[PDB]
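*Asks:* Sending over entry-v3.pdb (PDB, C-alpha atoms).
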ATOM      1  CA  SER A   1     -52.436-193.555 -84.917
ATOM      2  CA  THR A   2     -52.193-195.740 -88.002
ATOM      3  CA  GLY A   3     -54.352-198.089 -90.037
ATOM      4  CA  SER A   4     -53.611-200.939 -92.437
ATOM      5  CA  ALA A   5     -56.142-202.765 -94.609
ATOM      6  CA  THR A   6     -55.863-205.316 -97.367
ATOM      7  CA  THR A   7     -57.343-204.404-100.740
ATOM      8  CA  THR A   8     -58.505-207.200-103.058
ATOM      9  CA  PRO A   9     -59.240-207.256-106.811
ATOM     10  CA  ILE A  10     -62.958-207.689-107.561
ATOM     11  CA  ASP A  11     -62.318-210.029-110.492
ATOM     12  CA  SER A  12     -59.626-211.813-112.516
ATOM     13  CA  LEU A  13     -58.846-208.653-114.517
ATOM     14  CA  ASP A  14     -58.217-206.295-111.572
ATOM     15  CA  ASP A  15     -61.105-204.141-112.808
ATOM     16  CA  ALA A  16     -61.241-202.525-109.353
ATOM     17  CA  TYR A  17     -60.163-203.205-105.781
ATOM     18  CA  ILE A  18     -62.285-203.480-102.634
ATOM     19  CA  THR A  19     -61.247-202.801 -99.055
ATOM     20  CA  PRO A  20     -63.319-203.693 -95.986
ATOM     21  CA  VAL A  21     -64.575-200.705 -93.982
ATOM     22  CA  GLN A  22     -66.351-200.789 -90.605
ATOM     23  CA  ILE A  23     -69.279-198.345 -90.323
ATOM     24  CA  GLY A  24     -71.433-197.740 -87.278
ATOM     25  CA  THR A  25     -72.006-199.346 -83.904
ATOM     26  CA  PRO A  26     -72.086-202.318 -83.841
ATOM     27  CA  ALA A  27     -69.840-202.396 -86.891
ATOM     28  CA  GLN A  28     -71.357-202.959 -90.312
ATOM     29  CA  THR A  29     -68.580-204.056 -92.663
ATOM     30  CA  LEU A  30     -68.918-202.916 -96.282
ATOM     31  CA  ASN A  31     -66.425-203.482 -99.090
ATOM     32  CA  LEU A  32     -65.609-200.096-100.576
ATOM     33  CA  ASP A  33     -63.697-198.947-103.646
ATOM     34  CA  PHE A  34     -60.978-196.590-102.381
ATOM     35  CA  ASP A  35     -60.831-193.817-104.976
ATOM     36  CA  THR A  36     -58.037-191.208-104.987
ATOM     37  CA  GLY A  37     -59.903-189.499-107.849
ATOM     38  CA  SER A  38     -63.008-188.496-105.857
ATOM     39  CA  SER A  39     -63.924-187.192-102.421
ATOM     40  CA  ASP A  40     -67.235-188.745-101.316
ATOM     41  CA  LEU A  41     -67.655-191.747 -99.013
ATOM     42  CA  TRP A  42     -70.967-193.195-100.178
ATOM     43  CA  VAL A  43     -72.622-196.522 -99.569
ATOM     44  CA  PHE A  44     -75.433-198.752-100.682
ATOM     45  CA  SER A  45     -77.957-198.539 -97.877
ATOM     46  CA  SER A  46     -81.370-199.394 -96.501
ATOM     47  CA  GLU A  47     -82.503-196.207 -98.327
ATOM     48  CA  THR A  48     -81.318-197.344-101.771
ATOM     49  CA  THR A  49     -84.146-197.897-104.259
ATOM     50  CA  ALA A  50     -84.794-201.633-103.945
ATOM     51  CA  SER A  51     -84.659-202.420-107.678
ATOM     52  CA  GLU A  52     -81.195-200.832-107.791
ATOM     53  CA  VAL A  53     -79.703-203.198-105.196
ATOM     54  CA  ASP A  54     -78.461-206.544-106.551
ATOM     55  CA  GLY A  55     -76.212-208.437-104.137
ATOM     56  CA  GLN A  56     -74.435-205.538-102.413
ATOM     57  CA  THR A  57     -74.100-205.320 -98.656
ATOM     58  CA  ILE A  58     -76.036-202.323 -97.335
ATOM     59  CA  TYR A  59     -75.506-199.867 -94.491
ATOM     60  CA  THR A  60     -78.593-199.553 -92.281
ATOM     61  CA  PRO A  61     -78.201-196.391 -90.225
ATOM     62  CA  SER A  62     -81.214-197.182 -88.020
ATOM     63  CA  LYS A  63     -79.241-200.168 -86.664
ATOM     64  CA  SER A  64     -76.249-198.018 -85.701
ATOM     65  CA  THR A  65     -76.381-196.377 -82.284
ATOM     66  CA  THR A  66     -73.812-193.798 -83.392
ATOM     67  CA  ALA A  67     -75.516-192.778 -86.673
ATOM     68  CA  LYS A  68     -77.008-189.300 -86.877
ATOM     69  CA  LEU A  69     -78.846-187.793 -89.831
ATOM     70  CA  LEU A  70     -76.992-184.735 -91.103
ATOM     71  CA  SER A  71     -80.093-182.610 -91.385
ATOM     72  CA  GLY A  72     -80.778-181.107 -94.786
ATOM     73  CA  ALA A  73     -77.659-182.510 -96.429
ATOM     74  CA  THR A  74     -77.799-184.184 -99.824
ATOM     75  CA  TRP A  75     -75.205-185.382-102.304
ATOM     76  CA  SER A  76     -75.018-186.233-105.992
ATOM     77  CA  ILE A  77     -72.005-187.358-107.977
ATOM     78  CA  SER A  78     -71.159-188.240-111.556
ATOM     79  CA  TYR A  79     -67.982-190.097-112.423
ATOM     80  CA  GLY A  80     -65.753-189.999-115.492
ATOM     81  CA  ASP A  81     -67.111-193.325-116.713
ATOM     82  CA  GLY A  82     -70.660-191.955-116.851
ATOM     83  CA  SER A  83     -71.868-193.646-113.660
ATOM     84  CA  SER A  84     -73.618-191.727-110.867
ATOM     85  CA  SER A  85     -75.290-191.908-107.461
ATOM     86  CA  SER A  86     -77.080-189.595-105.017
ATOM     87  CA  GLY A  87     -78.792-189.494-101.641
ATOM     88  CA  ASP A  88     -78.736-188.081 -98.117
ATOM     89  CA  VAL A  89     -76.091-188.027 -95.390
ATOM     90  CA  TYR A  90     -75.398-189.452 -91.954
ATOM     91  CA  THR A  91     -72.450-188.988 -89.658
ATOM     92  CA  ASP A  92     -71.159-192.155 -88.031
ATOM     93  CA  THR A  93     -68.028-193.904 -86.824
ATOM     94  CA  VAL A  94     -65.878-195.286 -89.651
ATOM     95  CA  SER A  95     -62.838-197.510 -89.232
ATOM     96  CA  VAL A  96     -60.317-198.711 -91.814
ATOM     97  CA  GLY A  97     -57.737-201.275 -90.834
ATOM     98  CA  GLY A  98     -57.856-200.275 -87.168
ATOM     99  CA  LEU A  99     -57.916-196.492 -87.750
ATOM    100  CA  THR A 100     -61.115-194.886 -86.461
ATOM    101  CA  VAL A 101     -62.763-191.590 -87.365
ATOM    102  CA  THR A 102     -65.787-190.417 -85.401
ATOM    103  CA  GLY A 103     -68.289-188.083 -87.056
ATOM    104  CA  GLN A 104     -67.402-189.149 -90.602
ATOM    105  CA  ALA A 105     -69.900-188.147 -93.272
ATOM    106  CA  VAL A 106     -71.371-191.379 -94.654
ATOM    107  CA  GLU A 107     -73.359-190.584 -97.778
ATOM    108  CA  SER A 108     -76.300-192.939 -98.058
ATOM    109  CA  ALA A 109     -77.431-193.729-101.599
ATOM    110  CA  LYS A 110     -81.072-193.328-102.502
ATOM    111  CA  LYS A 111     -80.266-193.850-106.195
ATOM    112  CA  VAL A 112     -77.393-195.483-108.047
ATOM    113  CA  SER A 113     -76.835-195.892-111.787
ATOM    114  CA  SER A 114     -76.947-199.248-113.534
ATOM    115  CA  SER A 115     -73.179-199.834-113.516
ATOM    116  CA  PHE A 116     -73.200-199.791-109.705
ATOM    117  CA  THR A 117     -76.240-202.055-109.430
ATOM    118  CA  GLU A 118     -74.652-204.510-111.839
ATOM    119  CA  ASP A 119     -71.481-204.819-109.777
ATOM    120  CA  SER A 120     -72.395-206.914-106.755
ATOM    121  CA  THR A 121     -68.865-206.745-105.324
ATOM    122  CA  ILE A 122     -68.698-202.985-104.663
ATOM    123  CA  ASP A 123     -70.757-201.706-101.722
ATOM    124  CA  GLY A 124     -69.759-198.056-102.250
ATOM    125  CA  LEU A 125     -66.799-195.711-102.642
ATOM    126  CA  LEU A 126     -64.362-194.132-100.213
ATOM    127  CA  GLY A 127     -62.953-190.970-101.738
ATOM    128  CA  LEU A 128     -59.337-189.998-101.100
ATOM    129  CA  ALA A 129     -58.920-186.944-103.348
ATOM    130  CA  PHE A 130     -59.072-183.466-101.805
ATOM    131  CA  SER A 131     -62.145-182.468 -99.816
ATOM    132  CA  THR A 132     -62.755-179.507-102.140
ATOM    133  CA  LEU A 133     -64.362-182.048-104.549
ATOM    134  CA  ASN A 134     -66.829-183.393-101.968
ATOM    135  CA  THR A 135     -70.385-183.051-103.311
ATOM    136  CA  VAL A 136     -72.386-182.708-100.070
ATOM    137  CA  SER A 137     -74.682-179.682-100.077
ATOM    138  CA  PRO A 138     -75.222-177.207 -98.501
ATOM    139  CA  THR A 139     -72.255-177.962 -96.206
ATOM    140  CA  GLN A 140     -69.325-179.681 -97.908
ATOM    141  CA  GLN A 141     -67.873-182.592 -95.946
ATOM    142  CA  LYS A 142     -64.355-183.897 -95.366
ATOM    143  CA  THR A 143     -62.855-187.152 -96.612
ATOM    144  CA  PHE A 144     -61.900-189.972 -94.249
ATOM    145  CA  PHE A 145     -58.224-189.071 -94.743
ATOM    146  CA  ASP A 146     -58.809-185.376 -94.096
ATOM    147  CA  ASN A 147     -60.655-186.223 -90.849
ATOM    148  CA  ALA A 148     -57.968-188.707 -89.729
ATOM    149  CA  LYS A 149     -54.944-186.665 -90.741
ATOM    150  CA  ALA A 150     -54.206-184.784 -87.524
ATOM    151  CA  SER A 151     -54.332-188.017 -85.500
ATOM    152  CA  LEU A 152     -52.018-189.958 -87.811
ATOM    153  CA  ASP A 153     -48.369-190.575 -86.918
ATOM    154  CA  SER A 154     -47.520-188.996 -90.306
ATOM    155  CA  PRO A 155     -50.049-187.229 -92.585
ATOM    156  CA  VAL A 156     -49.843-189.808 -95.387
ATOM    157  CA  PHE A 157     -51.513-192.814 -96.875
ATOM    158  CA  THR A 158     -50.026-195.362 -99.251
ATOM    159  CA  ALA A 159     -51.435-197.496-102.050
ATOM    160  CA  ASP A 160     -49.780-200.832-102.796
ATOM    161  CA  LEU A 161     -52.078-202.462-105.338
ATOM    162  CA  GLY A 162     -51.423-206.022-106.481
ATOM    163  CA  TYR A 163     -51.377-207.496-109.963
ATOM    164  CA  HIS A 164     -53.922-210.313-109.893
ATOM    165  CA  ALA A 165     -53.357-210.410-106.115
ATOM    166  CA  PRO A 166     -54.283-208.574-102.914
ATOM    167  CA  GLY A 167     -52.428-205.459-101.797
ATOM    168  CA  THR A 168     -52.525-202.890 -99.023
ATOM    169  CA  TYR A 169     -53.718-199.407 -98.096
ATOM    170  CA  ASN A 170     -51.817-197.966 -95.133
ATOM    171  CA  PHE A 171     -52.674-194.792 -93.236
ATOM    172  CA  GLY A 172     -50.202-192.813 -91.164
ATOM    173  CA  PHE A 173     -46.940-194.620 -91.929
ATOM    174  CA  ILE A 174     -44.677-195.767 -94.744
ATOM    175  CA  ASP A 175     -43.886-199.498 -94.689
ATOM    176  CA  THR A 176     -40.231-199.515 -95.663
ATOM    177  CA  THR A 177     -40.377-203.281 -96.322
ATOM    178  CA  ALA A 178     -43.028-202.872 -99.038
ATOM    179  CA  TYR A 179     -40.842-201.418-101.821
ATOM    180  CA  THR A 180     -37.371-201.712-103.334
ATOM    181  CA  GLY A 181     -34.866-198.911-103.754
ATOM    182  CA  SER A 182     -35.931-195.408-102.787
ATOM    183  CA  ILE A 183     -39.161-193.446-103.017
ATOM    184  CA  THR A 184     -39.005-190.557-105.497
ATOM    185  CA  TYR A 185     -41.218-187.638-104.551
ATOM    186  CA  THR A 186     -42.768-185.277-107.067
ATOM    187  CA  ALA A 187     -44.829-182.075-106.857
ATOM    188  CA  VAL A 188     -48.635-182.065-106.707
ATOM    189  CA  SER A 189     -51.126-179.462-107.841
ATOM    190  CA  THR A 190     -54.355-179.484-105.870
ATOM    191  CA  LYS A 191     -55.983-176.848-108.097
ATOM    192  CA  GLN A 192     -58.460-179.316-109.624
ATOM    193  CA  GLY A 193     -58.947-181.256-106.367
ATOM    194  CA  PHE A 194     -56.892-184.237-107.570
ATOM    195  CA  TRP A 195     -53.515-185.760-106.822
ATOM    196  CA  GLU A 196     -52.235-184.122-110.000
ATOM    197  CA  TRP A 197     -48.585-184.423-110.944
ATOM    198  CA  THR A 198     -46.279-184.331-113.982
ATOM    199  CA  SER A 199     -44.517-187.414-115.268
ATOM    200  CA  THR A 200     -41.149-186.795-116.901
ATOM    201  CA  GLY A 201     -41.697-189.118-119.878
ATOM    202  CA  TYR A 202     -42.036-192.674-121.078
ATOM    203  CA  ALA A 203     -40.523-195.647-122.871
ATOM    204  CA  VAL A 204     -42.097-198.541-124.746
ATOM    205  CA  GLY A 205     -40.543-201.949-124.120
ATOM    206  CA  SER A 206     -36.763-201.834-124.375
ATOM    207  CA  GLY A 207     -36.966-198.593-126.352
ATOM    208  CA  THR A 208     -35.280-195.317-125.534
ATOM    209  CA  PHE A 209     -36.852-193.037-122.953
ATOM    210  CA  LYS A 210     -38.672-189.993-124.316
ATOM    211  CA  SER A 211     -38.346-186.966-122.039
ATOM    212  CA  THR A 212     -41.660-185.149-122.135
ATOM    213  CA  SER A 213     -43.919-183.644-119.476
ATOM    214  CA  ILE A 214     -47.191-185.511-118.968
ATOM    215  CA  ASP A 215     -49.596-183.913-116.508
ATOM    216  CA  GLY A 216     -52.050-186.367-114.997
ATOM    217  CA  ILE A 217     -53.771-187.659-111.873
ATOM    218  CA  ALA A 218     -52.970-190.592-109.602
ATOM    219  CA  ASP A 219     -56.372-192.285-109.539
ATOM    220  CA  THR A 220     -56.900-195.604-107.776
ATOM    221  CA  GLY A 221     -60.562-195.569-108.829
ATOM    222  CA  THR A 222     -59.794-195.739-112.554
ATOM    223  CA  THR A 223     -58.844-199.156-113.948
ATOM    224  CA  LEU A 224     -56.696-198.205-116.927
ATOM    225  CA  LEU A 225     -53.841-195.883-117.898
ATOM    226  CA  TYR A 226     -55.100-192.961-120.025
ATOM    227  CA  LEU A 227     -52.403-190.958-121.812
ATOM    228  CA  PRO A 228     -52.074-188.586-124.785
ATOM    229  CA  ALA A 229     -52.884-190.074-128.171
ATOM    230  CA  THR A 230     -49.298-189.673-129.376
ATOM    231  CA  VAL A 231     -47.951-191.768-126.474
ATOM    232  CA  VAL A 232     -50.667-194.412-126.808
ATOM    233  CA  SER A 233     -50.130-194.739-130.576
ATOM    234  CA  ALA A 234     -46.390-195.222-129.995
ATOM    235  CA  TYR A 235     -47.130-198.035-127.532
ATOM    236  CA  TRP A 236     -49.630-199.967-129.665
ATOM    237  CA  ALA A 237     -47.510-199.598-132.799
ATOM    238  CA  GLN A 238     -45.176-202.126-131.136
ATOM    239  CA  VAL A 239     -47.933-204.766-131.016
ATOM    240  CA  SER A 240     -48.624-206.590-134.295
ATOM    241  CA  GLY A 241     -52.269-206.328-135.246
ATOM    242  CA  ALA A 242     -53.211-203.776-132.584
ATOM    243  CA  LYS A 243     -55.664-201.106-133.669
ATOM    244  CA  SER A 244     -58.014-198.489-132.295
ATOM    245  CA  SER A 245     -61.593-199.674-132.622
ATOM    246  CA  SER A 246     -64.345-197.069-132.474
ATOM    247  CA  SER A 247     -66.942-199.845-132.138
ATOM    248  CA  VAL A 248     -65.229-201.390-129.099
ATOM    249  CA  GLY A 249     -64.176-198.036-127.627
ATOM    250  CA  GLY A 250     -60.390-198.120-127.702
ATOM    251  CA  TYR A 251     -57.303-200.028-128.632
ATOM    252  CA  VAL A 252     -57.633-203.763-129.044
ATOM    253  CA  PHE A 253     -54.972-206.327-129.850
ATOM    254  CA  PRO A 254     -54.733-210.008-130.808
ATOM    255  CA  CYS A 255     -55.009-212.151-127.704
ATOM    256  CA  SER A 256     -52.058-214.164-129.084
ATOM    257  CA  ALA A 257     -49.719-211.184-128.647
ATOM    258  CA  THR A 258     -46.955-210.776-126.114
ATOM    259  CA  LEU A 259     -47.276-207.170-124.900
ATOM    260  CA  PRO A 260     -44.247-204.932-124.341
ATOM    261  CA  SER A 261     -43.712-203.166-121.033
ATOM    262  CA  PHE A 262     -44.404-199.460-120.580
ATOM    263  CA  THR A 263     -42.149-197.226-118.483
ATOM    264  CA  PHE A 264     -43.150-193.863-116.998
ATOM    265  CA  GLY A 265     -40.891-191.277-115.424
ATOM    266  CA  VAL A 266     -41.111-189.891-111.917
ATOM    267  CA  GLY A 267     -38.431-187.225-111.802
ATOM    268  CA  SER A 268     -35.214-189.055-112.696
ATOM    269  CA  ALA A 269     -36.721-192.378-111.568
ATOM    270  CA  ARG A 270     -38.542-194.907-113.731
ATOM    271  CA  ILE A 271     -41.537-197.172-113.019
ATOM    272  CA  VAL A 272     -41.877-200.193-115.310
ATOM    273  CA  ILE A 273     -45.330-201.595-116.037
ATOM    274  CA  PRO A 274     -44.908-205.205-117.250
ATOM    275  CA  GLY A 275     -46.658-206.079-120.497
ATOM    276  CA  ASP A 276     -49.000-208.527-118.800
ATOM    277  CA  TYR A 277     -50.448-205.673-116.702
ATOM    278  CA  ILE A 278     -51.715-204.122-119.962
ATOM    279  CA  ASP A 279     -53.849-207.142-120.942
ATOM    280  CA  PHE A 280     -57.552-206.769-120.108
ATOM    281  CA  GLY A 281     -58.629-209.914-121.872
ATOM    282  CA  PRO A 282     -61.186-210.740-124.532
ATOM    283  CA  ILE A 283     -63.517-207.915-125.552
ATOM    284  CA  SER A 284     -66.415-210.363-125.196
ATOM    285  CA  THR A 285     -66.459-213.930-123.971
ATOM    286  CA  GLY A 286     -64.619-216.239-126.370
ATOM    287  CA  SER A 287     -63.240-213.466-128.578
ATOM    288  CA  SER A 288     -59.629-213.522-129.761
ATOM    289  CA  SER A 289     -59.579-209.710-129.703
ATOM    290  CA  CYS A 290     -58.303-208.405-126.368
ATOM    291  CA  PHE A 291     -58.798-205.003-124.749
ATOM    292  CA  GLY A 292     -55.757-202.840-124.052
ATOM    293  CA  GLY A 293     -54.853-201.406-120.683
ATOM    294  CA  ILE A 294     -53.286-198.237-122.098
ATOM    295  CA  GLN A 295     -55.856-196.003-123.813
ATOM    296  CA  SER A 296     -56.064-192.460-125.145
ATOM    297  CA  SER A 297     -57.112-189.645-122.821
ATOM    298  CA  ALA A 298     -58.184-187.537-125.801
ATOM    299  CA  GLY A 299     -61.611-186.180-125.004
ATOM    300  CA  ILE A 300     -61.351-187.018-121.290
ATOM    301  CA  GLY A 301     -59.622-183.701-120.763
ATOM    302  CA  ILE A 302     -57.031-185.132-118.370
ATOM    303  CA  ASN A 303     -54.444-187.905-118.299
ATOM    304  CA  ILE A 304     -55.129-190.605-115.707
ATOM    305  CA  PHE A 305     -52.543-192.802-114.006
ATOM    306  CA  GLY A 306     -55.065-195.448-113.016
ATOM    307  CA  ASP A 307     -54.580-198.909-111.550
ATOM    308  CA  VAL A 308     -52.556-200.227-114.518
ATOM    309  CA  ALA A 309     -49.834-197.715-113.648
ATOM    310  CA  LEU A 310     -50.239-197.514-109.879
ATOM    311  CA  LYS A 311     -50.129-201.267-109.297
ATOM    312  CA  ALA A 312     -46.581-201.282-110.720
ATOM    313  CA  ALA A 313     -45.485-199.038-107.828
ATOM    314  CA  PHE A 314     -45.631-198.376-104.119
ATOM    315  CA  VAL A 315     -47.353-194.977-104.034
ATOM    316  CA  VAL A 316     -47.226-192.407-101.233
ATOM    317  CA  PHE A 317     -50.010-189.841-101.017
ATOM    318  CA  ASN A 318     -48.346-187.240 -98.819
ATOM    319  CA  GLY A 319     -50.943-184.933 -97.286
ATOM    320  CA  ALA A 320     -48.516-182.560 -95.607
ATOM    321  CA  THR A 321     -49.258-178.822 -95.754
ATOM    322  CA  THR A 322     -47.805-178.893 -99.261
ATOM    323  CA  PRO A 323     -48.921-182.259-100.635
ATOM    324  CA  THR A 324     -46.606-184.411-102.747
ATOM    325  CA  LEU A 325     -46.677-187.864-104.344
ATOM    326  CA  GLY A 326     -44.034-190.551-103.953
ATOM    327  CA  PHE A 327     -43.357-193.556-106.204
ATOM    328  CA  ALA A 328     -41.110-196.545-105.613
ATOM    329  CA  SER A 329     -40.576-199.767-107.519
ATOM    330  CA  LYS A 330     -41.536-202.955-105.659
TER
END
For this file, write the structure as structure tokens.
*Replies:*
Amino acid sequence: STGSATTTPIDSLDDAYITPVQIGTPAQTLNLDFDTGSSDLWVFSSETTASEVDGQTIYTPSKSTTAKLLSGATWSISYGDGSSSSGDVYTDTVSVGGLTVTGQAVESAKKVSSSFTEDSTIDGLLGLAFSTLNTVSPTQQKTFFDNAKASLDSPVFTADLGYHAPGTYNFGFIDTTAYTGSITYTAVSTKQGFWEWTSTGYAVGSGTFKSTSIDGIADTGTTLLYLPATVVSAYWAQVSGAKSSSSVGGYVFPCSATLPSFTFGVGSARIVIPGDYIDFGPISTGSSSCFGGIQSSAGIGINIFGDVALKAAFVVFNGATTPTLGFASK
């Protein structure tokens, strides 16, 4: 089997991407944030504290003839950005782009933190990291991909995120028309539950490539590119007037600037992030100070190849017995 679904930016900045997901019988379609940095499929629901729902579409398990309470199971998750959610668990039928999993754990939110409430466009998350990170207790549950894998034509999914435009998540096949050149594959460590890999270095603009190992995670659920302070300083030094602002929470730059590109290495291959992808717009409405899309990972504890980086590539998440990651230009 295969599946193919379009993923759409939630706003003009590509702050996140949503993908329609069918849950239950008859189908209830929710727009979920596909997150290769976590491993829970959780949704706003009829059980979510009413004051914490503000415009989201909810899953109502009592209206699904295939929903079953997973007795005694609870979940609770905290994300790198400080947001969180928790609740109980159903199993139900879940389909993405024509690919169907029966008996998928659907984690129903009883509580969500303010950031989730305040974002009316995201109805929940669909985790695509390794199932070892799944938070369901006392019986850990599998991700949608893990459940689908054996049925897929090939045990892979791909992320093709757009810049200010829709893109695609495919399951079970590689669309050879969706990228240019060849796909370069690179080793993955699953020791921390992430799609963790090592970039071979970077360049800023038309500058020379610096060969240096940068360990980090491919994370579709993180907006920005978080790299070591040395790398980030080298980038922003090429932008007149750019500075790190403790009050704003990172590097800012004059909105009048033209940003240089940023290149990262994948083995001997190179992925080029255009300068415009690094612009996250005014820090507050009407400001001429703009927020940068490349930020320091110092104090996160890990480097994160988030959407800023991934949207410059066609990315293969290869879930073979020994997982690997593939990157192609597009």
*Asks:* Excluding segment 23-28 of chain A and its own-chain neighbours fewer than 6 positions away, which residues fall within 9 Å of it when counting only C-alpha atoms? Please give them as a list in words.
*Replies:*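 Residues meeting the cut-off are residues 58, 59, 60, 61, 63, 64, 65, 66, 67, 92, 93, 94, 95 and 106 of chain A.
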*Asks:* Write out the residues from the selection above, keeping C-alpha atoms, as a CSV table (one decimal), keeping the file's coordinate frame.
*Replies:*
chain,number,residue,atom,x,y,z
A,58,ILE,CA,-76.0,-202.3,-97.3
A,59,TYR,CA,-75.5,-199.9,-94.5
A,60,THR,CA,-78.6,-199.6,-92.3
A,61,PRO,CA,-78.2,-196.4,-90.2
A,63,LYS,CA,-79.2,-200.2,-86.7
A,64,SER,CA,-76.2,-198.0,-85.7
A,65,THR,CA,-76.4,-196.4,-82.3
A,66,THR,CA,-73.8,-193.8,-83.4
A,67,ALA,CA,-75.5,-192.8,-86.7
A,92,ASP,CA,-71.2,-192.2,-88.0
A,93,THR,CA,-68.0,-193.9,-86.8
A,94,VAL,CA,-65.9,-195.3,-89.7
A,95,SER,CA,-62.8,-197.5,-89.2
A,106,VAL,CA,-71.4,-191.4,-94.7
*Asks:* Report as a list in words all protein, DNA and RNA residues lying within 12 Å of segment 178-180 of chain A, evaluated on only C-alpha atoms, omitting residues in the same chain fewer than 5 positions from it.
*Replies:*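 Using only C-alpha atoms, the neighbours found are residues 158, 159, 160, 161, 162, 167, 168, 169, 170, 173, 271, 311, 312, 313, 314, 315, 316, 326, 327, 328, 329 and 330 of chain A.
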*Asks:* For C-alpha atoms, I'd like the residues from the last selection saved as a PDB file, in the coordinates of the input.
*Replies:*
ATOM      1  CA  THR A 158     -50.026-195.362 -99.251  1.00  0.00           C
ATOM      2  CA  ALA A 159     -51.435-197.496-102.050  1.00  0.00           C
ATOM      3  CA  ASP A 160     -49.780-200.832-102.796  1.00  0.00           C
ATOM      4  CA  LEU A 161     -52.078-202.462-105.338  1.00  0.00           C
ATOM      5  CA  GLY A 162     -51.423-206.022-106.481  1.00  0.00           C
ATOM      6  CA  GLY A 167     -52.428-205.459-101.797  1.00  0.00           C
ATOM      7  CA  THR A 168     -52.525-202.890 -99.023  1.00  0.00           C
ATOM      8  CA  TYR A 169     -53.718-199.407 -98.096  1.00  0.00           C
ATOM      9  CA  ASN A 170     -51.817-197.966 -95.133  1.00  0.00           C
ATOM     10  CA  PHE A 173     -46.940-194.620 -91.929  1.00  0.00           C
ATOM     11  CA  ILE A 271     -41.537-197.172-113.019  1.00  0.00           C
ATOM     12  CA  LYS A 311     -50.129-201.267-109.297  1.00  0.00           C
ATOM     13  CA  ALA A 312     -46.581-201.282-110.720  1.00  0.00           C
ATOM     14  CA  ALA A 313     -45.485-199.038-107.828  1.00  0.00           C
ATOM     15  CA  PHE A 314     -45.631-198.376-104.119  1.00  0.00           C
ATOM     16  CA  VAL A 315     -47.353-194.977-104.034  1.00  0.00           C
ATOM     17  CA  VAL A 316     -47.226-192.407-101.233  1.00  0.00           C
ATOM     18  CA  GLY A 326     -44.034-190.551-103.953  1.00  0.00           C
ATOM     19  CA  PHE A 327     -43.357-193.556-106.204  1.00  0.00           C
ATOM     20  CA  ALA A 328     -41.110-196.545-105.613  1.00  0.00           C
ATOM     21  CA  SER A 329     -40.576-199.767-107.519  1.00  0.00           C
ATOM     22  CA  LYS A 330     -41.536-202.955-105.659  1.00  0.00           C
TER      23      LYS A 330
END
*Asks:* Can you pull out every residue within 8 Å of residue 142 of chain A, counting only C-alpha atoms, but drop anything in the same chain fewer than 3 positions away, and send it as an mmCIF file with C-alpha atoms, in the frame of the given file?
*Replies:*
data_model
loop_
_atom_site.group_PDB
_atom_site.id
_atom_site.type_symbol
_atom_site.label_atom_id
_atom_site.label_comp_id
_atom_site.auth_asym_id
_atom_site.auth_seq_id
_atom_site.Cartn_x
_atom_site.Cartn_y
_atom_site.Cartn_z
ATOM 1 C CA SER A 39 -63.924 -187.192 -102.421
ATOM 2 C CA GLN A 104 -67.402 -189.149 -90.602
ATOM 3 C CA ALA A 105 -69.900 -188.147 -93.272
ATOM 4 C CA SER A 131 -62.145 -182.468 -99.816
ATOM 5 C CA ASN A 134 -66.829 -183.393 -101.968
ATOM 6 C CA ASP A 146 -58.809 -185.376 -94.096
ATOM 7 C CA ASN A 147 -60.655 -186.223 -90.849
#
*Asks:* Do a neighbour search on segment 198-211 of chain A at 7 Å with only C-alpha atoms, toss out local chain neighbours closer than 4 positions, and write the hits as a PyMOL selection string.
*Replies:* chain A and resi 215-216+235+260-267
*Asks:* Restricted to C-alpha atoms, what would the selected residues look like written as an mmCIF file, in the coordinates of the input?
*Replies:*
data_model
loop_
_atom_site.group_PDB
_atom_site.id
_atom_site.type_symbol
_atom_site.label_atom_id
_atom_site.label_comp_id
_atom_site.auth_asym_id
_atom_site.auth_seq_id
_atom_site.Cartn_x
_atom_site.Cartn_y
_atom_site.Cartn_z
ATOM 1 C CA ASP A 215 -49.596 -183.913 -116.508
ATOM 2 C CA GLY A 216 -52.050 -186.367 -114.997
ATOM 3 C CA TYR A 235 -47.130 -198.035 -127.532
ATOM 4 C CA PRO A 260 -44.247 -204.932 -124.341
ATOM 5 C CA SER A 261 -43.712 -203.166 -121.033
ATOM 6 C CA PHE A 262 -44.404 -199.460 -120.580
ATOM 7 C CA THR A 263 -42.149 -197.226 -118.483
ATOM 8 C CA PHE A 264 -43.150 -193.863 -116.998
ATOM 9 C CA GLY A 265 -40.891 -191.277 -115.424
ATOM 10 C CA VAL A 266 -41.111 -189.891 -111.917
ATOM 11 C CA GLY A 267 -38.431 -187.225 -111.802
#
*Asks:* Taking 2 positions as the minimum chain separation for residues in the same chain, which residues sit within 6 Å of residue 217 of chain A when counting all atoms listed in the file? Answer as JSON, numbers by chain.
*Replies:* {"A": [195, 196, 219, 304, 305]}
*Asks:* Mind giving me the straight-line distance from atom CA of residue 212 of chain A to atom CA of residue 278 of chain A in Å, one decimal?
*Replies:* 21.6 Å
*Asks:* Apply the PyMOL selection byres ((chain A and resi 17) around 8) to the file shown and report the selected residues as a short mmCIF file (atom, residue, chain, number, x, y, z; two decimals) with C-alpha atoms, in the coordinates of the input.
*Replies:*
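Listing of expr_6.cif after writing:
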data_model
loop_
_atom_site.label_atom_id
_atom_site.label_comp_id
_atom_site.auth_asym_id
_atom_site.auth_seq_id
_atom_site.Cartn_x
_atom_site.Cartn_y
_atom_site.Cartn_z
CA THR A 7 -57.34 -204.40 -100.74
CA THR A 8 -58.50 -207.20 -103.06
CA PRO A 9 -59.24 -207.26 -106.81
CA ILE A 10 -62.96 -207.69 -107.56
CA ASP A 14 -58.22 -206.30 -111.57
CA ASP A 15 -61.10 -204.14 -112.81
CA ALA A 16 -61.24 -202.52 -109.35
CA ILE A 18 -62.28 -203.48 -102.63
CA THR A 19 -61.25 -202.80 -99.06
CA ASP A 33 -63.70 -198.95 -103.65
CA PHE A 34 -60.98 -196.59 -102.38
#
